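One letter stands for each residue in the lines below.
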Amino acid sequence: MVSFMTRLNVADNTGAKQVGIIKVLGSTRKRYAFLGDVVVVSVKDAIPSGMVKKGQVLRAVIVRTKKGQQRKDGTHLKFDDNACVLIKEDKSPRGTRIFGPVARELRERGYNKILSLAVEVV
Amino acid sequence: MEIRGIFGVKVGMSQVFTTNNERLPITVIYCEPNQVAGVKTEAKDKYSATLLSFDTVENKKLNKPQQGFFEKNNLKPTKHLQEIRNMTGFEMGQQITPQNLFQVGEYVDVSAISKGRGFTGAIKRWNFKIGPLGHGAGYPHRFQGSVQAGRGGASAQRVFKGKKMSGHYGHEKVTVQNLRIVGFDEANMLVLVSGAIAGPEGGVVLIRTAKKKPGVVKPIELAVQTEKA
Amino acid sequence: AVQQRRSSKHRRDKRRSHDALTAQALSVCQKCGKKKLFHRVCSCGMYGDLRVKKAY
Amino acid sequence: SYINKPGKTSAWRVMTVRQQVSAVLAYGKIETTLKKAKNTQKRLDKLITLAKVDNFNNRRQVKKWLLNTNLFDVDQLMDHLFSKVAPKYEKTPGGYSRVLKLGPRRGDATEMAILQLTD
Amino acid sequence: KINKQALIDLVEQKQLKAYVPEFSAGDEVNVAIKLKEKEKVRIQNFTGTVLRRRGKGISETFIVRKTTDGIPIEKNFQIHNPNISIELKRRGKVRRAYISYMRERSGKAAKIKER
RNA sequence: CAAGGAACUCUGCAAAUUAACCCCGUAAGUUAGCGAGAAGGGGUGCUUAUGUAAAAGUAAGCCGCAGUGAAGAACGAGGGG
RNA sequence: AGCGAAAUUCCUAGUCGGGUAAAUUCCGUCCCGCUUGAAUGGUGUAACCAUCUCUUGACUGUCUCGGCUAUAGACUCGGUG
RNA sequence: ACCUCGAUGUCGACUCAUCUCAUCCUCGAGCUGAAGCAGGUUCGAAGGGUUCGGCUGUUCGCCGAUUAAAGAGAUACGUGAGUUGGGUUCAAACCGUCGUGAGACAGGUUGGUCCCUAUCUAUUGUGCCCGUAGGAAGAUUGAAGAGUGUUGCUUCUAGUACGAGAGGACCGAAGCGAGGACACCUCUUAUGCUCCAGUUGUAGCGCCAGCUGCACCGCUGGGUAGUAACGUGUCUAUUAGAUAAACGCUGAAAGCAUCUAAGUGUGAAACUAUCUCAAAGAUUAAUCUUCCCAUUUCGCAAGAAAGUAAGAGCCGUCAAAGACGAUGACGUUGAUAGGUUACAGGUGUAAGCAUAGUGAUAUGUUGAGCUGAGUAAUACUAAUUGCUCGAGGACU
């Protein structure tokens with residue numbers, strides 16, 4: 001549903017506007033979008049106050065899925081947009097201000113710090 | 001060892017809320033309590049087997065030689081009858097109910113005739129790839145590629161038997177195993193089981209004991225609502 | 001493609017072996033004459049012992 | 001091969017069925033194809049079971065499936081039907097018509113079938 | 001011999017609500033969710049405007065839209081789901097039982113109420 | 001035809017969005033004519049009254065997710081040879 | 001004079017600075033220019049182009065990634081040859 | 001310069017593949033100037049696997065971003081009577097050069113049409129005639145077959161052992177994944193043209209509505225069953241026996257030593273099943289269970305007039321099936337199909353009436369009206385008061 005070269009907005013305060021998902025990590029033929037997907041992205045729209053330079057290949061995780069998914073609970077939550085957050089090889093977020101609504105079932109892949117510094121969890 | 005199983009009739013599939021906040025697919029099978037029609041023992045028949053019979057109707061409409069055989073065996077006249085291998089723990093002239101052999105939550109295997117699709121394409125049968133249409137590929141666009149494996153009178157100059165090819169799809173007994181037993185209903189002659197069953201409803205569907213994990217069962221339970229105002 | 005080797009008369013009859021045509025179904029008519037066609041009306045205008053049709 | 005006549009359309013089927021039901025209302029015996037015969041038999045039976053109470057709304061509802069003939073005109077045949085067929089067919093549950101299979105046609109070898117109605 | 005195939009309700013009887021809060025597909029309802037992440041009782045009242053009310057038996061799913069962080073999100077829920085509390089906030093008038101224009105119309109996202 | 005939107009690829013070829021009208025607005029380059037319909041944009045329904053010859057026009061009310069509601073009409077910019 | 005790895009450089013896929021995450025064809029520049037070069041015109045030039053190429057806006061089943069709908073055939077039956 | 005000049009299409013790219021091991025990883029083992037980790041070398045083993053982009057007509061080539069991995073070939077540098085022609089490669093022209101001149105350029109450039117209604121064999125299904133020595137109905141066994149065998153992460157084991165110190169084990173278990181494949185329509189999406197709602201103009205129903213026909217199903221939004229997946233659920237193993245390499249034991253020959261020579265072991269995604277599908281046309285024509293018949297008379301010593309009683313076939317109805325046969329089920333003793341009624345589900349306050357309003361409208365009647373595939377009741381209609389084949393056991 002979301003794969004290589006997907007122009008998407010940013011979900012955390014890193015001074016970036018439009019970023020493209022350039023590769024998928026993990027294993028071969030992943031080619032799909034899911035929760036906690038650690039991928040690499042390149043930014044083309046940003047502001048000079050941003051903490052990352054334009055065109056850099058940096059690792060991020062998508063947090064909003066316009067496709068939506070069905071959970072183990074039996075409930076199908078779907079986003080009306082798509083967004084991602086940039087992180088540096090760990091679970092500590094890069095941006096100094098976190099915003100955007102996300103489900104709480106993301107602890108399976110870590111990211112507890114983002115939830116602790118989140119505006120509010122879904 | 002021993003393998004236990006019986007036939008039934010798929011009559012529908014549904015869902016249910018279970019513990020740990022999970023919903024499971026629930027296929028429903030009508031399972032009338034059947035009676036063994038014959039036992040093939042190691043002593044005379046050299047192998048373990050047991051033929052059962054069911055879907056009984058009034059004796060008038062049934063076939064004459066087989067109803068005479070039934071009367072010789074002193075059993076009900078039934079439409080369907082078939083064997084199951086490796087079954088001698090149950091004896092001749094005994095009714096069979098799901099409570100006797102299978103509990104709730106263990107692992108079983110299911111067999112059913114696939115839904116008839118007739119002759120089809122290779123991609124719809126062997127999960128192939130569509131031929132491209134970009135920039136006018138032409139009318140010959142969806143096909144099976146080629147079976148060219150040799151040119152020159154000393155390489156193959158033929159087609160090979162067993163080569164992957166399209167053909168009639170479905171309409172065949174197919175099996176999947178490790179299905180979980182959800183529940184039983186003796187009054188309605190009904191069983192609720194997990195997974196999905198191939199083919200359409202109304203047909204005869206076999207369920208045997210899983211030959212992978214014979215004596216393994218995991219606990220699964222239900223829950224009840226409490227919102228009462 | 002087109003034919004590469006001609007089929008002989010023996011090959012012709014081997015191919016035409018399946019040219020035998022199956023017969024039809026017939027039914028007795030109690031009121032009219034000749035044997036009528038089964039599940040079909042008779043020439044005398046009558047069918048399920050029932051005449052509903054005008055001049056044949 | 002490639003592009004040709006529109007041929008068979010759902011509009012064609014429904015207008016042809018309307019013609020056949022108008023014809024059976026006018027005369028009461030139609031020779032056509034057996035599959036078409038049963039297809040129009042279903043719609044005719046639906047109209048007849050809709051022809052029991054017969055208010056003005058039902059008049060228009062059944063008028064959405066009728067045409068005109070030479071013997072009778074649309075409203076005239078509607079009123080004629082309402083006057084005679086409804087008293088005759090009201091007490092029988094279903095089965096308001098019967099199809100009898102004829103033989104092949106010398107012209108076409110099609111399996112002719114005659115639809116008729118009598119209660 | 002003859003089977004009714006109506007045993008769908010027979011197996012549906014395992015889950016039956018005794019209060020069954022009923023509403024249309026164009027209203028504002030607050031549905032509470034009971035969650036135990038590791039060890040706690042969490043009651044998260046998920047408010048929002050219901051979108052589509054589908055029903056066929058034990059399987060009755062309905063869609064609800066909520067503006068979380070100013071972002072519209074659509075969630076699916078099941079009517080007889082356990083550990084779930086439902087209470088309507090406001091009941092309104094809607095001319096259709098299925099809405100797709102609310103997927104994009106954000107300006108004045110509220111709905112005209114029911115008299 | 002969910003989602004992405006040129007990623008297959010010899011190529012944004014084909015295909016796709018506007019396209020009609022009314023009204024704002026319009027860059028660079030330029031032989032001063034153009035460019036240019038630059039682009040970008042806003043509205044077109046029904047009813048009640050007003051307006052002239054009707055109508056473009058206006059005030060209000062009302063509904064549909066959407067009112068040249070199906071119709072028939074240019075998708076572009078930048079740069080080089 | 002001019003133009004200079006051009007439609008012009010075999011060696012060579014020469015740089016360099018670029019757009020380009022990643023550019024042998026895209027651009028400006030460097031000048032060892034086999035066999036360029038001024039009426040077989042040359043260097044540019046606004047507009048113009050069913051001309052060629054490059055990047056992008058939107059656009060979508062071209063693709064990711066496959067599937068469905070209705071006619072006509074193809075299938076079966078009759079006449080035809 | 002030996003076949004093909006009364007034609008063997010010569011680069012690839014796309015799909016479709018196939019095999020060998022001289023194995024890239026996955027497997028085991030050996031050795032090491034192998035403290036551990038990290039490694040490096042080699043052997044045996046082919047059961048499975050081996051990405052996406054950027055450049056270029058190019059394969060080959062390079063680079064990037066990854067994967068545990070991006071192994072090699074090789075089959076007309078596989079694959080056009082499966083696609084396409086970007087490209088050199090007819091006819092045009094250009095730049096540059098060469099040649100005085102027509103003209104030459106695997107130097108470069110723009111453009112330049114890819115012929116095909118399957119005869120046999122071969123192959124995916126599919127049946128029909130006969131057979132298996134009486135006719136059948138079934139159920140079987142299984143000689144020979146086919147499918148089918150993937151990989152990674154995390155946590156515990158344990159910062160344990162090891163190592164001073166960074167580092168950090170082996171084995172096992174548990175959960176999480178990816179891909180591969182099976183089926184499914186509970187949920188989620190696409191479709192769902194005799195379905196619904198709204199909508200738009202034209203022509204008429206003598207008029208207003210209310211309509212049909214047409215305008216891509218007129219347009220838009222949905223949606224029943226079914227049909228599919230992006231959605232679900234599953235499988236990703238375990239074991240036994242014989243083995244490669246490797247490691248053995250005893251042990252002499254060759255009084256010691258030695259895995260070997262007798263004997264005596266383990267042993268790998270390798271090998272046989274193990275799991276799945278069908279399978280007696282499995283002609284070596286196998287097996288069992290049940291029913292039927294064994295009825296005037298000479299023959300070519302066979303049973304000929306009486307032609308099953310076991311049934312089969314024609315026809316109808318349909319589909320669970322199904323291109324069409326064939327198959328499954330039912331034929332007045334029938335719910336087999338259609339009909340009608342109720343119901344499910346879909347759509348969403350039918351139309352009319354009345355109220356207030358100059359009017360779009362709002363309200364009660366009204367969750368009503370209607371609704372293709374869905375459920376059961378229901379013999380109301382059709383499966384005929386029908387026809388053809390179909391009985392006596394040869395020989396060793």
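Criteria and thresholds
Residues numbered from 1 in each chain as written, not as in the entry; some residues may be left out. Chains lettered and ligands numbered in written order. Part of a larger assembly, values for the part shown. Heavy atoms only, no water. Contact = heavy atoms within 4.5 Å. Buried area = accessible area lost by both parts, 1.4 Å probe. Salt bridge = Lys/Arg side-chain N within 4 Å of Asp/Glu carboxyl O. Polar contact = N/O pair within 3.5 Å; in protein donor to acceptor, adjacent residues only side chain to side chain. Helix = DSSP H or I, 4+ residues; strand = E, 2+ residues; numbered from the N terminus. Buried < 20%, exposed > 50% of the residue type's maximum accessible area, 1.4 Å probe, protein only. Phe/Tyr/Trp six-rings, centres within 6.5 Å; stacked < 30°, edge-to-face > 60°. Pairing = 2+ DSSP bridges. Near = heavy atom within 4 Å. Nonpolar A, V, L, I, M, F, W, Y, C, P; charged D, E, K, R; others polar. Disulfide = S-S within 2.5 Å. Core = buried A, V, L, I, M, F, W, Y, C linked by side-chain atoms within 4.5 Å.

> For this particular structure, what's the right way to read the interface of chain E and chain A?
By a frequent convention, interface size equals the accessible area lost on bringing the separate parts together. Taken residue by residue, the interface counts 16 residues in chain E and 19 residues in chain A. Across the chain E to chain A interface the summed buried area is about 1,400 Å²; carbon plus sulfur atoms make up 47%. For the pair chain E and chain A, the number of links is four salt bridges. The partner of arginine 65 of chain E in a salt bridge is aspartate 80 of chain A, and the shortest N-O contact between them spans 2.9 Å. Summed over the shared surface of chain E and chain A, the number is four residue pairs in polar contact. Only β3 (61-68) and β4 (71-78) of chain E provide two or more residues apiece to the side of chain E that touches chain A. Residue contributions to the side of chain E that touches chain A peak at eight residues, all from β4 of chain E.

> Any chance you could explain the environment of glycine 8 of chain B here in plain terms?
All names here are of chain B. Residue position: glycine 8 is located in strand β1 (residues 5-18). Residue classification places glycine 8 among the buried positions, given a relative accessible area of 5%. A C-alpha to C-alpha distance of 7.3 Å links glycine 8 and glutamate 32, two positions 24 residues apart in sequence. Not counting chain neighbours up to four residues away, the residues in contact with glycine 8 comprise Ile29, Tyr30, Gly203, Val204 and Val205.

> Help me understand the packing of aromatic side chains in this model?
Any two aromatic rings considered together are summarised by their centre-to-centre distance and by the angle between their planes. Counted by the stated rule, this structure contains six aromatic pairs over all chains. Aromatic pair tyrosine 89 of chain D and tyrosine 96 of chain D: ring centres 5.9 Å apart, planes at 70°, arrangement edge-to-face. Per residue, the accessibility class of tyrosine 89 of chain D equals that of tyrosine 96 of chain D, and both read buried. Centroid distance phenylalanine 46 of chain E to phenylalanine 77 of chain E: 5.8 Å. Interplanar angle 90°. Geometry classified as edge-to-face. You can see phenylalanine 46 of chain E sitting in strand β2 (residues 42-53) and its partner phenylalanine 77 of chain E sitting in strand β4, a full 31 residues away along the chain.

> I keep staring at the sheet that holds strand β1 (residues 28-35) of chain E and nothing clicks. Help me out?
Hydrogen bonding along the main chain pairs the strands of a sheet, whether they run parallel or antiparallel. Across the sheet, which stays open at both edges, the seven strands sit in the order β5(A)-β6(A)-β4(E)-β3(E)-β2(E)-β1(E)-β5(E) with antiparallel pairing between neighbours. Each having just a single partner strand, β5 (69-70) of chain A together with β5 (84-90) of chain E make up the two edges of the open sheet. Here four bridges tie β2 of chain E to β3 of chain E, and the two strands are oriented antiparallel to one another. When the sheet's bridge partners are listed, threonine 49 of chain E is paired in β3 of chain E with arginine 65 of chain E.

> Sorry if this is basic, but what is going on with the protein's contact with RNA strand H here?
Residues and elements named next belong to chain B. In the neighbourhood of RNA strand H, 135 residues make up the surrounding shell, with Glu83, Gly116, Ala137, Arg151 and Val159 lying closest. Counting only the atoms of RNA strand H that lie within 4 Å of the protein, the sugar and phosphate share comes to 78%. Here a phosphate oxygen of RNA strand H sits 3.4 Å away from a polar atom, N or O, in the main chain of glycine 162. Considering every element that reaches the surface near RNA strand H, the biggest residue donor is strand β10 (residues 173-185), with seven residues. Looking at the surface near RNA strand H, its residues break down into 40 nonpolar, 47 polar and 48 charged.

> Quick question: what am I supposed to make of the protein's contact with RNA strand F here?
Taken together, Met1, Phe4, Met5, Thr6, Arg7 and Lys67 of chain A, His135 of chain B together with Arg96, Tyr101 and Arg105 of chain E are the residues near RNA strand F. The share of sugar and phosphate among atoms of RNA strand F within 4 Å of the protein is 59%. Within the backbone of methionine 1 of chain A, an N or O atom sits 3.2 Å from a sugar or linking oxygen of RNA strand F. At 3.3 Å, a backbone N or O of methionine 5 of chain A approaches a sugar or linking oxygen of RNA strand F. A class-by-class count of the residues in the surface near RNA strand F yields four nonpolar, two polar and four charged.

> Would you mind going over the side chain of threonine 49 of chain E with me for this structure?
Checked against the element boundaries, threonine 49 of chain E lands in strand β2. When near neighbours in sequence (up to four residues on either side) are disregarded, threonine 49 of chain E contacts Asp27, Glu28, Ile63, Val64, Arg65 and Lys111 of chain E.

> What exactly am I supposed to notice about the state of the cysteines here?
Two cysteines form a disulfide when their sulfur atoms are joined by a covalent bond. Residues and elements named next belong to chain C. Using the criterion set out here, one finds one disulfide over all chains in the structure. Through a disulfide, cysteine 32 is tied to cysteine 44; the S-S separation comes to 2.0 Å. Here the disulfide of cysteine 32 and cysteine 44 is right-handed, its torsion about the S-S bond being about 60°. Here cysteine 32, found in the loop between β1 (26-27) and β2 (36-37), pairs with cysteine 44, found in the segment after β2; they are twelve residues apart in sequence, far enough to count as distant. Not engaged in a disulfide, the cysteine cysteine 29 finds its nearest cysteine sulfur in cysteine 42; these two sulfurs lie 4.1 Å apart.

> Please explain the nonpolar core as it appears in this structure.
All names here are of chain D. Of all hydrophobic cores here, the largest spans 19 residues; its most connected members are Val21, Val24, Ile30, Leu44, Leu66, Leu77 and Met78. Mapped onto this core, the elements with two or more residues apiece are α1 (10-26), α2 (34-49), α4 (74-89) and β3 (112-116). The dominant element in this core, judged by the number of residues it contributes, is α4, at five residues. When neighbours within four sequence positions are excluded, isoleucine 30 is seen to be in contact with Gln20, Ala23, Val24, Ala113, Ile114 and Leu115.

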